[PDB]
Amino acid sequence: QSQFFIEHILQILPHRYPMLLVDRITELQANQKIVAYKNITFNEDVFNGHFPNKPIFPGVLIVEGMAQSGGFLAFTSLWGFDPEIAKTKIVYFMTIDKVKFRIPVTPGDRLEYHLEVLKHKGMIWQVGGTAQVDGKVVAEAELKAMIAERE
């Protein structure tokens, strides 16, 4: 498949509320790239404290979202859409690099994650790309994550 909805994400990613930051996948190409997004709404708990009266989606959380997008890409390229295998996996961050934040993200925004694979061996995946709102680069970052069996 090339497009996945929230019920499909829940069967692949280990993340859960309040750390599942990818609402839908709009594009996917094995071992290559992925385009996904997360809607930003005031009705999110993080806004309670970031910041009071000035809702700003955290920058670290944008990185997380891109990372989670990559994870999806990594997992499905590996075993395809196999919920049963995905059931017992988790994803560790290994390294984060070269992130610039250019525009603040706020409620009402559609935070689009654009990720490409820079390199990958076995379970280690090096991804890089951007976060975009209304077609403008709101953030850029590259990260290396690791798919690991829960034990």
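Position 1 is the first residue in the sequence shown; the rest follow in order. Here, rigid core means the biggest group of C-alpha atoms that superpose within 1.5 Å across both forms.
Enquirer: Compare 95 to 103 with 120 to 128 and report which one shows the larger root mean square C-alpha deviation from this form in 7 other deposited structures of this protein once the rigid core is superposed.
Expert: Greater root mean square C-alpha distance in 7 other deposited structures of this protein: 120 to 128.
Enquirer: Rigid core superposed, root mean square over structures and residues, which stretch has C-alphas farther from this form in 7 other deposited structures of this protein, 84 to 92 or 48 to 56?
Expert: Checking 84 to 92 against 48 to 56 in 7 other deposited structures of this protein, I find the farther stretch is 84 to 92.
Enquirer: Taking the recorded C-alpha temperature factors, which stretch has the higher mean, 18 to 26 or 131 to 139?
Expert: The deposited B-factors put 131 to 139 ahead on the C-alpha mean.
Enquirer: Select between 101 to 109 and 116 to 124 the stretch whose C-alpha atoms have the higher average B-factor in the entry.
Expert: So the stretch with the higher mean C-alpha B-factor is 116 to 124.
Enquirer: Among 31, 41, 68, 48, where is the Cα B factor highest in this entry?
Expert: Of the options given, 31 has the highest CA B-factor in the PDB entry.
Enquirer: Which third, lowest, middle or highest, does the C-alpha temperature factor of residue 60 belong to within its own chain?
Expert: For residue 60, the deposited C-alpha B-factor lands in the middle third.
Enquirer: Could you place residue 85 in the lowest, middle or highest third of its chain by Cα temperature factor, using the values in the record?
Expert: Middle third, going by the recorded CA B-factors of the chain.
Enquirer: By its CA B factor, does residue 94 count among the lowest, middle or highest third of the modelled residues in the chain?
Expert: Its C-alpha B-factor belongs to the highest third of this chain's values.
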